[PDB]
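Chemist: What the sequence shown shows, in the deposited numbering, is residues 3868 to 4053, 4060 to 4432, 4499 to 4730, in sequence order. For every residue, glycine included, the Cβ atom is placed at its ideal position computed from N, Cα and C. Input: one structure, supplied below.
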Amino acid sequence: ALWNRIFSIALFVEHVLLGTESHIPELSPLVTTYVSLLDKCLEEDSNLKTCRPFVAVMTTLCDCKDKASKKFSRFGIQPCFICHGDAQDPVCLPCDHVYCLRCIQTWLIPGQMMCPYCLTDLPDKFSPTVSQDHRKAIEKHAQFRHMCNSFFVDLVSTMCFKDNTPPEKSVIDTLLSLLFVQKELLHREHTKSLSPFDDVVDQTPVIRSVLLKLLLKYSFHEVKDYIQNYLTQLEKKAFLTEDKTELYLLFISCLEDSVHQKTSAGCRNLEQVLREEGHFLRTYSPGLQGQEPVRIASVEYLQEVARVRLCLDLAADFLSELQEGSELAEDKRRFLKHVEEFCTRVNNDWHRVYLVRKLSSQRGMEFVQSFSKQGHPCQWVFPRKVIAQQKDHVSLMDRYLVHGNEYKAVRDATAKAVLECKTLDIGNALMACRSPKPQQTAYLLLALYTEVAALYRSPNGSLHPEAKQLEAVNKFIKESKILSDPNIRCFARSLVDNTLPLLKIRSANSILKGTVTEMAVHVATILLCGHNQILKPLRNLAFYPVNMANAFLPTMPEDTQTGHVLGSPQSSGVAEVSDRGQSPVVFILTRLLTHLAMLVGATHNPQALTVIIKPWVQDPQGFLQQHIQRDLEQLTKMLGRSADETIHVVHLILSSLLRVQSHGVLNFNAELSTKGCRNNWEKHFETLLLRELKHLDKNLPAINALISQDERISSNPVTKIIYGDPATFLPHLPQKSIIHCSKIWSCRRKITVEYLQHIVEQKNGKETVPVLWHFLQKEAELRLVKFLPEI
Ligand SMILES: [Zn+2]
Ligand SMILES: [Zn+2]
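Given below as structure tokens:
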């Protein structure tokens, strides 16, 4: 009792009183009074999980607020009567009412020369605006209202929802009531952001989820009706005639996050979870005719949907490691048998759509297309027509469409000029192309890679182009002066004659080696075609690896160990915390491009990369390729993306190192002979990486549009049930329901710690959340102070 009282008063002091002393010191004798008034209203019973003290604290905070407003600006700072919010560019009438300037110019200009509220005329014009008295009064009132809101929401989050038992019905109904505001005059039925106050009100109904995430920390069996009341209120006043997909999607997301919390913080193993969910799946009657006239989707139905999504997520996680390797622990096997029997019995193909999307979001499209074979024992995950509508010539995603619509022209001309044997169309696509000679040469080299070396990859198209199709290609390569550079057309011939020793990269995964091969060819093309001072060191890791022994490679440890001082990538260590001044994404991107240039170098001569890499004696290609694998896994963890989008990020960053021929990048040696040249490299390259990562949130959907609507991937139905297209070309799925659209059965991201570290780094966390920033920087090392008293 006494500590709940002391802690509530401490929340008030911390959020209101110290903010008043720091920012607006005209209200400190008011808030020091209301400390004592909170103490006296909590000394009877400081049990904020009940109704009476919670209403008492809320009333004390409300009259603290309005006495502060009357202390500011002469008996009643009020919101604008027209826009129902804070007055922007304030204008005060002689009837002591403050309005917005835009509201009083959009209202008073017809023949209604009066006041909207107190019906009092204004003679001449609303000419003076007050930028000193009323503007500062409204701003300081906004600050004090924000302090009181921070106190109230922190008090509700900490005291009302403290322990494992839920609070009473009256306090929860009070909270759900104060999500909404009353009607004043017609617009009505507004919303507000969990405040005891009424003046800060948005004009369009937004739907927060703070009380869902606070109520769902209890068991769902005892908070059904509260969420159903909140949903019924939202459906009867706010979104009564709308597209109610996103509201349902917010509720499904909150419910599945609550189940993630109660299985993570709960103490039960995988075996009990698999038994409980397997019992759930083999008794799930569909009942979709029960709640869908159009609009009724209760919270029991949404909870069954969220629980089905979690069963399918466990199925996706099991299938992503079943086909990684060996046997699958005999409980995961039985659970996948239950998921298969579930998808067979229940005739909803949206579960299989979500399962395909989730396997592709974890692994990629090629891994999922490997399940669509003629007897692969994971073929049940597809819906019914996707197996029959595929051909025997599934093609890979062209990830060089990052360049886009000038690469598209050259790859189409190259494809037709290897299809027939007429290589004038490549010259027509290049001469009608902007983005000058470095970019055009890179487009031509990547097109030659894509078409000709992807013909050598397949067992159908290999040993085919040697029959009089490579002769016109070789004649164009010898003839064309857009690649008249003897280090470039030697590379072009090595792509076409299949003599480039990157293409024999020799890995055992056969999905990853395609990714690493495409990235290494992209790196080698950028380092040949790009003319930039920030490509000269990596160039000597790739094309002249003997110059670059006794040289400090980027993202290496420093106290000093020149060369490549990293051990085996198959270690059990901490996750290689970032450099002297770098965020972990920029760190892993710099390390990944260094390793890709080193792989391109070690494919030419492995001896110079043996004398660069310090410990072993055996081989550099598999070593560097395992490092590239680990870097891609860490980059997938950090960026909250799918696998394919992370690879698009890498290819986009590689593309951006070519168009950036502005030179502000001097003052380091091209050999990187010192620490200082390496660190200046780090700085300029971090500048390019941050320019490209500030801007990728809008480039990623355009790149996914170019790669999804490529007319060699687009007709594939796996692509049409993953990328940007609903699965409603399939007829055998439920009709236009509110609950069975493509948006509800889409995949989302599991929220990791590295993703939150990435958000802290995006949102300037050194200066905004510095304890959290320092915590996330050293988190994997701080897991192990737990073992200090044992050692
Ligand atoms: Zn207004
Ligand atoms: Zn008035």
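Between residue 4465 and ligand 2, is there a pair consisting of the residue's CB and a ligand heavy atom that are separated by less than 6 angstroms?
Modeler: Note on the chain: consecutive modelled numbers read 4432 then 4499, so residue 4465 has no coordinates in the structure shown.
Chemist: Tell me which residue opens and which closes the alpha helix (DSSP H) that residue 3864 is part of.
Modeler: The structure shown does not extend to residue 3864, since the chain is modelled only from 3868 to 4730, so the question has no answer here.
Chemist: Between the stretch 4286 to 4305 and the stretch 4256 to 4263, do three or more beta carbon pairs fall short of 8 angstroms?
Modeler: No: the two stretches stay apart, fewer than three of their Cβ pairs being nearer than 8 angstroms.
Chemist: Using the three-state DSSP reduction, which class does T4533 fall into: helix, strand or coil?
Modeler: Looking at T4533 - three-state DSSP - the assignment turns out to be helix.
Chemist: Does ligand 2 have a heavy atom nearer than 6 angstroms to the CB of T4025?
Modeler: Result no, Cβ not under 6 angstroms from ligand 2.
Chemist: Quick check: is any heavy atom of ligand 1 less than 6 angstroms from the C-beta of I3944?
Modeler: No, the beta carbon of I3944 sits no closer than 6 angstroms to any heavy atom of ligand 1.
Chemist: Comparing the CB of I3949 with every heavy atom of ligand 1, is any distance shorter than 6 angstroms?
Modeler: Checking the Cβ of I3949 against ligand 1 gives yes.
Chemist: Please name the residue or residues paired with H4503 in a DSSP beta bridge.
Modeler: Paired residues: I4552.
Chemist: Taking C-beta to C-beta, are residue 4738 and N4423 nearer than 7 angstroms?
Modeler: Outside the shown range of the chain (3868 to 4730) lies residue 4738, about which nothing can therefore be said.
Chemist: Can the beta-carbon of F3993 be found less than 7 angstroms from the beta-carbon of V4048?
Modeler: Cβ atoms of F3993 and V4048: not closer than 7 angstroms.
Chemist: Which value, in whole angstroms, describes the spacing of the CA atoms of residue 3826 and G3943?
Modeler: In this structure the chain extends from 3868 to 4730, so residue 3826 is not present and cannot be described.
Chemist: Please classify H4671: is it buried, with 16 or more other beta-carbons within 10 angstroms of its beta-carbon, or exposed?
Modeler: So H4671 counts as exposed.
Chemist: Classify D4271: buried if its beta carbon has 16 or more other beta carbons within 10 angstroms, exposed otherwise.
Modeler: So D4271 counts as buried.
Chemist: Under the assumption that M4577 contacts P4523 (Cβ atoms under 8 angstroms), give the Cβ distance between them as a whole number of angstroms.
Modeler: Right, their Cβ atoms sit about 6 angstroms apart.
Chemist: May I have a chain-ordered list of the alpha helix (DSSP H) segments no shorter than 4 residues that lie completely inside the stretch 4112 to 4141?
Modeler: As far as the stretch 4112 to 4141 is concerned, its whole alpha helix (DSSP H) runs of at least 4 residues are 4118 to 4137.
Chemist: Is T3887 buried or exposed, if buried means 16 or more other CB atoms sit within 10 Å of its CB?
Modeler: Result: buried.
Chemist: For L3960, is the beta carbon positioned less than 6 angstroms from some heavy atom of ligand 2?
Modeler: For ligand 2, at least one heavy atom lies less than 6 angstroms from the Cβ of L3960.
Chemist: Answer yes if the stretch 3883 to 3903 comes into contact with the stretch 3918 to 3936, meaning at least three C-beta pairs across the two stretches below 8 angstroms, and no otherwise.
Modeler: They touch, by the three-pair rule.
Chemist: Flag this pair as yes or no: are the beta carbons of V4074 and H3951 separated by less than 7 angstroms?
Modeler: Their beta carbons are under 7 angstroms apart, which means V4074 touches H3951 by this criterion.
Chemist: With distances taken between CB atoms, is the gap from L4611 to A4536 smaller than 7 angstroms?
Modeler: Going by C-beta atoms, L4611 is not nearer than 7 angstroms to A4536.
Chemist: Do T3987 and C3962 have their C-beta atoms within less than 7 angstroms of each other?
Modeler: Their beta carbons are under 7 angstroms apart, which means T3987 touches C3962 by this criterion.
Chemist: For the stretch 4688 to 4698 and the stretch 4714 to 4728, state whether three or more C-beta atom pairs, one from each stretch, are separated by less than 8 angstroms.
Modeler: With the cut-off at 8 angstroms, the stretch 4688 to 4698 and the stretch 4714 to 4728 touch.
Chemist: What distance in whole Å lies between the Cβ atoms of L4128 and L4175, which are believed to be in contact at a cut-off of 8 angstroms?
Modeler: Right, the Cβ-Cβ distance comes to about 6 angstroms (below 8 angstroms), so this counts as a contact.
Chemist: Three-state secondary structure (DSSP) at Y4662?
Modeler: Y4662 falls in the coil class under three-state DSSP.
Chemist: Give the C-beta separation of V3924 and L3905 to the nearest angstrom, bearing in mind that I take them to be a contact with Cβ-Cβ under 8 angstroms.
Modeler: Between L3905 and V3924 the Cβ distance is about 6 angstroms, and since that is below 8 angstroms, they are a contact.
Chemist: Check whether the stretch 4153 to 4166 and the stretch 4101 to 4115 are in contact - that is, three or more C-beta pairs closer than 8 angstroms.
Modeler: In short, these stretches do not touch, since the Cβ pair count stays below three.
Chemist: Would you check if the distance between the CB atom of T4428 and the CB atom of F4526 is smaller than 7 angstroms?
Modeler: A contact, by the Cβ cut-off of 7 angstroms.
Chemist: DSSP three-state call for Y3966: helix, strand or coil?
Modeler: Strand at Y3966.
Chemist: Taking contact to mean 3 or more Cβ pairs, one atom from each stretch, closer than 8 angstroms, check whether the stretch 4655 to 4665 and the stretch 4621 to 4638 are in contact.
Modeler: The stretch 4655 to 4665 is not in contact with the stretch 4621 to 4638.
Chemist: Nearest-angstrom Cα distance between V4020 and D4071?
Modeler: Roughly 15 angstroms separates the two Cα atoms.
Chemist: Exposed or buried, what is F4425 when buried is set at 16 or more other beta-carbons lying within 10 Å of its beta-carbon?
Modeler: That one is buried.
Chemist: Kindly indicate the opening and closing residues of the alpha helix (DSSP H) around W4223.
Modeler: First-last of the alpha helix (DSSP H) with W4223: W4223 to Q4235.
Chemist: Pairing CB atoms from the stretch 4364 to 4376 with CB atoms from the stretch 4340 to 4349, are three or more of them under 8 angstroms?
Modeler: Touching, yes.
Chemist: Can you give, in chain order, each stretch of the alpha helix (DSSP H) that sits fully within the stretch 4562 to 4635 and has at least 4 residues?
Modeler: Runs found: 4582 to 4595 and 4614 to 4632.
Chemist: Bridge partners of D4075, per DSSP?
Modeler: Answer is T4064, bridged to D4075.
Chemist: Could you say which of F4124, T3927 and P3977 lies nearest to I4683 if we only look at CA atoms?
Modeler: It is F4124.
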